Amino acid sequence: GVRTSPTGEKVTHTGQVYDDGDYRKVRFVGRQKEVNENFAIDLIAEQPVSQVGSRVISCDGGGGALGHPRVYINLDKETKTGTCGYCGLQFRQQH
Amino acid sequence: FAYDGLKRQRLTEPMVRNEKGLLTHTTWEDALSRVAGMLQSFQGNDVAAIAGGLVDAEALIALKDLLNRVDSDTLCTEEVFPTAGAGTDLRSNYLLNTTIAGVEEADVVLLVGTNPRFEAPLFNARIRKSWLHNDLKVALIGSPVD
Amino acid sequence: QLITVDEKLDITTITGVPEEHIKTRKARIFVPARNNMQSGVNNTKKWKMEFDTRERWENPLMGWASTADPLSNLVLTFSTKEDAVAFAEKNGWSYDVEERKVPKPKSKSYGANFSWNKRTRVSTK
Amino acid sequence: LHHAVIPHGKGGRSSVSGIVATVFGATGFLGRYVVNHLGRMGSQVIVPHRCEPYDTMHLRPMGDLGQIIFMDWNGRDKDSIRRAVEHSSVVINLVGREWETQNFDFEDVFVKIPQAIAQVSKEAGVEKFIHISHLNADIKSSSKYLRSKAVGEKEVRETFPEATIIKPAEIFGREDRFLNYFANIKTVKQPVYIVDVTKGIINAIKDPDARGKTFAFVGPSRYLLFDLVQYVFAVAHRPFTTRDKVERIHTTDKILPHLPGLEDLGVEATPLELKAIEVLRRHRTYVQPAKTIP
Amino acid sequence: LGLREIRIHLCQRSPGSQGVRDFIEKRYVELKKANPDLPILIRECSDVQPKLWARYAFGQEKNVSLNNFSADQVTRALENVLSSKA
Amino acid sequence: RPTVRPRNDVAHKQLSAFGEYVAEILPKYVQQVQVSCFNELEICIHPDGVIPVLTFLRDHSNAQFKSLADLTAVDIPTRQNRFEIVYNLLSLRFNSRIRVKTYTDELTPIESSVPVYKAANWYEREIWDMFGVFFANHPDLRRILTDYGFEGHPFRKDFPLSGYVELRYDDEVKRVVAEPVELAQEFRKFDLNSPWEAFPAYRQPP
Amino acid sequence: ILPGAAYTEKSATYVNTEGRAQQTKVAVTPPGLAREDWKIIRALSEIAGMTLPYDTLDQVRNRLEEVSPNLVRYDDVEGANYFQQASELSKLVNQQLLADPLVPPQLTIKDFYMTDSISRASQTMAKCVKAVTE
Amino acid sequence: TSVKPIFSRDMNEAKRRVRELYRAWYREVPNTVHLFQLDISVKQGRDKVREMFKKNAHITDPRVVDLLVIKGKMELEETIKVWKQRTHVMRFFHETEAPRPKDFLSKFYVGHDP
Ligand SMILES: NC(=O)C1=CN([C@@H]2O[C@H](COP(=O)(O)OP(=O)(O)OC[C@H]3O[C@@H](n4cnc5c(N)ncnc54)[C@H](OP(=O)(O)O)[C@@H]3O)[C@@H](O)[C@H]2O)C=CC1
Ligand SMILES: [Zn+2]
């Protein structure tokens with residue numbers, strides 16, 4: 001989600017950008033501001049919600065021992081999804 | 001939780017009024033010379049000070065000394081305390097003489113015109129502690145607050 | 001063979017400390033307060049000596065926290081306040097001593113939770 | 001003040017002085033001392049250079065990481081000047097050449113280039129401008145170097161009226177072309193030390209009263225050129241070029257009491273007797289001071 | 001040019017401040033009756049030597065020791081301060 | 001038990017017996033003798049006894065600690081005598097090690113042990129350099145590890161980690177200069193101690 | 001406007017409702033060009049030609065002891081006496097009570113959160129006010 | 001309050017060692033300036049020696065005086081034997097340090113330190 005400020009500088013995923021009167025942007029003159037274009041916040045928002053048939057579901061992040069510590073997610077509330085605190089994947093109880 | 005207010009609306013530079021009538025940043029030397037010039041042209045009742053709620057004692061005495069050196073005595077605070085009788089002559093006239101810890105030794109507490117819950121929350125906690133563990137009797141004159 | 005020296009022990013001139021970091025510093029001698037987040041008391045046993053905090057500013061390049069205070073991280077440990085004070089005095093540091101805070105003994109009774117006629121009766125467990 | 005240029009620290013290498021300075025002509029004699037003093041206190045220095053990057057290497061250790069920034073520029077390209085100065089709070093012009101070349105005569109280096117920097121700096125909103133001229137700058141001098149200096153000093157004053165103009169006498173130092181010039185071989189001279197000139201420039205940046213003023217930087221004493229040159233040989237143990245360069249050396253250093261000098265900026269002028277050995281030691285093949293005009 | 005403020009320092013227990021304590025207990029109310037607009041700041045603090053401070057115009061201050069004084073020696077000392085306009 | 005270090009009672013008993021042996025022979029100087037749970041014998045002595053105790057351990061036929069493995073100091077600011085001087089000796093004849101410890105302060109000199117072991121010459125120079133303990137009658141006492149003209153004794157607990165001065169090359173004076181230390185990133189002090197006691201066996205009386 | 005320090009940015013003395021003197025310690029230094037409050041006044045007095053006679057925090061604390069000695073007895077509650085004399089002077093000049101009932105400025109939790117400049121600037125306190133009033 | 005001495009039993013003998021050290025430093029300065037090709041004068045060097053000696057004039061403990069003489073003799077040996085380089089000798093003069101402000105007002109303008 002790389003947006004650019006009125007002065008032409010790209011805004012990073014952490015929201016950083018030098019303002020108009022900031023001398024520090026001189027460092028980029030003749031060079032470039034390194035910005036990662038793959039915003040993890042926009043990428044996780046694309047994954048679909050996983051429909052499951054239990055009140056409790058577990059997430060290890062995928063890949064077994066290559067993922068994150070295994071956590072159990074309660075799905076009792078029906079006004080929102082259960083989100084993994086480690087990887088951001090979402091879950092919802094069916095019916 | 002109010003510490004985060006220390007990161008907003010902060011005064012970081014000396015300011016003076018320009019010709020357009022607006023506050024604008026200046027240096028310490030410029031700002032203090034402006035104030036020092038005015039302080040040297042006034043005396044007595046022409047100079048006064050008001051101390052706000054969060055002022056430390058080192059600044060209170062420094063300001064009192066400076067205004068006294070122009071023979072000013074109008075060193076005021078925002079909070080009022082009646083000056084009738086002894087006024088601030090005797091410390092016992094304006095102190096919590098029992099002390100916070102002394103509340104645990106009292107057997108009757110009379111509250112007059114105070115909501116201690118929101119004025120001195122930890123003092124109110126002490127009162128409830130005695131209420132709970134000492135069967136303290138509490139009476140209140142004022143609005144019937146929780 | 002021994003000699004008599006009746007002078008106050010002062011070693012400021014043989015420690016190599018710059019003068020500014022002797023005369024202008026204020027040592028604080030104290031027992032650290034228990035971290036309220038935890039119940040353990042093992043970090044409240046010894047006396048600590050630390051110095052007054054000084055300016056930290058943002059590094060223009062990275063934003064890191066820069067300092068010019070050489071004693072910004074210096075914390076010393078003592079068995080008693082007397083040892084701490086003795087160390088401070090011979091090194092020329094002006095200091096403040098704060099008396100040790102100890103929790104006062106409490107009177108605990110599980111049975112008071114069920115009082116027949118006192119307010120200590122709990123309404124839930 | 002923008003929050004990034006509020007001074008912090010104790011005025012050392014990792015401190016923030018709050019100065020953002022573009023120094024034109026930073027790769028010469030005077031440039032290296034000015035950049036050194038700026039970087040000593042944690043200033044952001046922008047160095048536009050015409051030369052190879054190899055010839056700028058001696059400037060890199062002069063500032064903490066990130067504080068010295070290098071840019072390519074061309075004296076005849078206003079776009080390159082704008083790139084260098086538009087982020088700065090002060091522009092310093094040290095461009096010059098003691099001789100003319102096929103591509104740059106004295107009119108190009110002492111009039112056109114200074115005017116271009118002053119104008120572009122003015123447009124870009126730069127608040128401080130320090131321009132070095134010359135004590136003996138004179139529209140009617142016999143030296144074309146000094147004639148061009150006087151013309152350029154006028155053009156800069158009208159283009160950037162708040163500019164600080166500094167007029168030093170001949171500067172001596174390790175890398176000078178004054179004491180070294182004699183060592184490699186009617187008129188009174190008042191030479192000034194290189195470090196005094198630098199300290200004066202730095203104090204002018206920090207002094208608000210310096211804006212719009214013209215200064216003359218001169219040494220504490222005046223010498224007869226013959227007596228001075230005699231002194232140089234004695235110190236070097238040496239037994240006692242262009243035509244334009246000879247004209248300047250034979251120009252008596254002007255006395256200008258109506259201009260402030262190093263004293264008005266807090267700099268104590270350094271006698272030539274305390275520093276000649278430092279410069280002239282390298283000329284010895286392994287002393288009675290010169291008579292001063294009072 | 002005259003007087004602006006009086007401050008009296010004393011201990012709560014020490015015998016050296018006994019005369020000062022007696023003076024306050026017996027003479028202060030009448031003294032304050034005669035000088036309603038004069039600040040007489042009484043400030044007790046344990047184990048201090050009793051003292052009398054008079055502040056005059058333009059921040060001029062003097063102090064007179066009251067150590068071991070009697071209730072009368074205190075009375076005269078206040079009397080001297082009130083009469084004098086340093 | 002696979003993960004626990006096994007004890008050795010035979011060596012513990014032998015070292016305890018020899019510790020008493022030394023204490024009986026040099027009661028003028030020995031203040032304390034202890035054997036750790038991993039069988040290291042420590043003789044704590046009055047500092048006047050450095051030369052006599054070391055000479056006896058080197059030369060006695062029932063000792064023969066011919067090798068000075070190491071000599072160092074420990075700074076403990078809470079003590080009246082802040083500096084603990086440690087000698088680690090090796091006996092090849094009896095295949096044993098022993099540790100002799102004494103103490104001094106910033107102003108009291110310790111007798112140099114170069115007469116007993118020539119190895120001590122540089123070790124004592126390092127102690128003087130790093131802790132500022134003076135050794136009397138040293139053949140050539142002077143700094144050894146720090147830069148020339150270096151002020152202070154870095155290994156003292158109250159000496160700051162990064163020191164007081166730092167070096168850089170200055171072009172104006174054409175040499176390396178020293179200036180007060182400023183750090184672009186301050187060292188970040190960490191509070192790591194758990195507020196819960198780990199080892200009851202070492203609890204101190206309250 | 002002269003930018004001063006906050007209680008988190010100075011070692012300064014405050015006396016609580018019991019009369020107990022306590023001091024803060026510097027946790028961070030004041031932002032920007034702000035300065036310690038007593039130092040601003042001490043600097044102003046020098047430029048105005050009426051220099052105050054203290055140059056350090058310890059000296060301005062020796063001044064505090066000259067005015068009221070209990071201000072430098074940190075963590076001590078110095079007892080205050082002579083309630084009898086104060087009561088006598090109280091009875092000297094009667095004044096009338098107003099019929100208005102005693103009503104505290106803060107009647108419910110919403111009035112608690114914002115009461116000074118720091119809390120009035122706090123975004124967290126604003127959320128607390130919004131939560132209880134809505 | 002009975003202590004083992006270093007070299008001197010009292011201030012009288014300590015002061016004798018101080019004077020001998022000063023004489024050695026005073027006479028060494030001319031050689032140092034020449035050997036290290038320093039750009040200061042002999043007067044400047046001898047003024048620094050006095051300045052270094054004078055800053056310790058307040059010591060009344062013969063043990064502290066003894067250590068100061070020991071360190072001063074070490075510093076002299078490094079210079080005489082040319083273990084120091086030009087940079088080490090010239091560090092006594094701090095010629096790249098800007099003079100730090102002294103009065104209250106100057107210190108008030110630049111920052112928060114005392
Ligand atoms: N030193 C003296 O005796 C005195 C000097 N001055 C003035 O001080 C300033 C500097 O003095 P000094 O440092 O001795 O001069 P130097 O020749 O030592 O330095 C000259 C600087 O100007 C730059 N420069 C020259 N011509 C051009 C050009 N055509 N385009 C771009 N950059 C150019 C050089 O860059 P490069 O290295 O790329 O050539 C160099 O950085 C000059 O203005 C000089 O006239 C005034 C009075 C006395
Ligand atoms: Zn997951």
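Excluded from the calculations below are hydrogen atoms, water molecules and symmetry mates; all remaining heavy atoms, backbone and side chain alike, are included. Numbering of ligands and ligand atoms starts at 1, following listing order. Letters A, B, ... mirror the listed sequences (proteins, then strands); counts begin at 1.
Not a single heavy atom of D:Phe24 sits less than 4.0 Å from an atom of ligand 1. At least one heavy atom of D:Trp73 lies less than 4.0 angstrom from ligand 1. For the pair D:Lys149 and ligand 1, a heavy-atom separation below 4.0 Å is found. At a 4.0 Å cut-off, not a single heavy atom of D:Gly75 sits close enough to ligand 1 to count as contact.
Salt bridge annotation for F:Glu179-D:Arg13: absent, with no cationic side-chain nitrogen under 4.0 angstrom from a carboxylate oxygen. Salt bridge D:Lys112/D:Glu107: absent, no basic N to carboxylate O contact under 4.0 Å. With salt bridges taken as basic N to acidic carboxylate O contacts below 4.0 Å, none links D:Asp253 and D:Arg222. The residues D:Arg50 and D:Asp72 are annotated as not salt-bridged, no charged nitrogen and carboxylate oxygen being separated by less than 4.0 angstrom. Under a 4.0 Å N-O distance rule, the pair D:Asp227/D:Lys291 does not qualify as a salt bridge.
Heavy-atom proximity to D:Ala169, at under 4.0 Å, picks out these atoms of ligand 1: 48 (C). In the vicinity of D:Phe110, heavy-atom distances shorter than 4.0 Å reach the ligand 1 atoms 45 (O). Interface of D:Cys51 with ligand 1, defined as ligand atoms under 4.0 Å from a residue heavy atom, comprises 38 (O). Near D:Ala26, meaning under 4.0 Å from any of its heavy atoms, are these atoms of ligand 1: 41 (O). Atoms of ligand 1 found under 4.0 Å from any heavy atom of D:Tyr145 (numbered from 1 in listed order, with element): 44 (C), 45 (O). Against a heavy-atom cut-off of under 4.0 Å, D:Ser133 is close to the following atoms of ligand 1: 46 (C), 47 (C). Counting atoms of ligand 1 from 1 in the listed order, those under 4.0 Å from a heavy atom of D:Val109 are 26 (N). Numbered from 1 in the order shown, with element, the atoms of ligand 1 that lie under 4.0 Å from a heavy atom of D:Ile132 read 7 (C), 8 (O).
Using a 4.5 Å heavy-atom cutoff, the side chains of D:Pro114 and D:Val95 are not in contact. Residues D:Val90 and D:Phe129 have side chains not in contact (no heavy-atom distance under 4.5 Å, counting atoms from C-beta outward). D:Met41 has its side chain within reach of D:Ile202: a pair of non-hydrogen atoms, C-beta onward, lies under 4.5 Å apart. Counting heavy atoms from C-beta on, the side chains of D:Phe24 and D:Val85 come closer than 4.5 Å.
For D:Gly25, a nitrogen or oxygen atom sits less than 3.5 Å from a nitrogen or oxygen atom of ligand 1, counting backbone and side chain alike. Polar contact check, D:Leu30 against ligand 1: a nitrogen or oxygen pair lies under 3.5 Å apart. On a distance-only criterion, D:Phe104 and ligand 1 share no N/O pair closer than 3.5 Å.
Taking only non-hydrogen atoms, the option from D:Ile171, D:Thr27, D:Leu94 nearest to atom 3 (O) of ligand 1 is D:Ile171.
The salt bridge (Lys or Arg N to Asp or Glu O under 4.0 Å) test with D:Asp138 singles out one residue from D:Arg147, D:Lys144, D:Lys254, and that residue is D:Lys254. For the side chain to side chain donor-acceptor pair (under 3.5 Å) with D:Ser133, the lone residue among D:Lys154, D:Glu153, D:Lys149 that qualifies is D:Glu153.
Nearest protein heavy-atom neighbour of atom 47 (C) of ligand 1: D:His134 CD2, 3.3 Å. If you check which protein heavy atom lies closest to atom 38 (O) of ligand 1, you get D:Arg50 NE, 2.9 Å. The protein heavy atom nearest to atom 43 (O) of ligand 1 is D:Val95 O, 2.7 Å. When hydrogens are left out, the protein atom nearest atom 16 (P) of ligand 1 is D:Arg97 NH2, 3.7 Å; that is the closest non-hydrogen contact. Among all protein heavy atoms, the one lying closest to atom 15 (O) of ligand 1 is D:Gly96 O, 4.2 Å. Scanning the protein for heavy atoms near atom 19 (O) of ligand 1, the closest one is D:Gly28 CA, 3.3 Å.
For D:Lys167 and D:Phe215, the positive end is not near the middle of the six-membered ring at less than 6.0 Å and at most 45° from its axis. Cation-pi geometry between D:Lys122 and D:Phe160 is met: under 6.0 angstrom from the ring centre, within 45 degrees of the axis.
In summary, the aromatic rings of D:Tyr145 and D:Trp99 are positioned with their centroids too far apart to meet the 6.0 Å limit.
A perpendicular orientation is assigned to the rings of D:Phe240 and D:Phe226, their planes being inclined by more than 60° (bins at 30° and 60°). Taking the six-membered ring where the residue is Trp, D:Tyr33 and D:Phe29 present perpendicular rings, their angle passing 60° and hence far from 30°.
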- Go through the steps to decide whether D:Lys78 and D:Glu123 satisfy the test salt bridge (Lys or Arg N to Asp or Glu O under 4.0 Å), and finish with yes or no. CA-CA 11 Å; D:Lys78 271 168 174 88; D:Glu123 294 161 36; over 6 Å; no

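Contacts of D:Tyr33 with ligand 1, taken as heavy-atom pairs under 4.0 Å, are absent altogether. Contacts between D:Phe29 and ligand 1 below 4.0 angstrom, taking non-hydrogen atoms only, involve backbone and side chain alike.
Remark: D:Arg82 pairs with D:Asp79 by the side-chain hydrogen bond (donor to acceptor under 3.5 Å, both in side chains) rule, at least two apart or across chains.
Less than 2.8 Å away from the Zn ion (ligand 2), the protein contributes these N/O/S atoms: A:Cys59 SG, A:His68 NE2, A:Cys84 SG, A:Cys87 SG.
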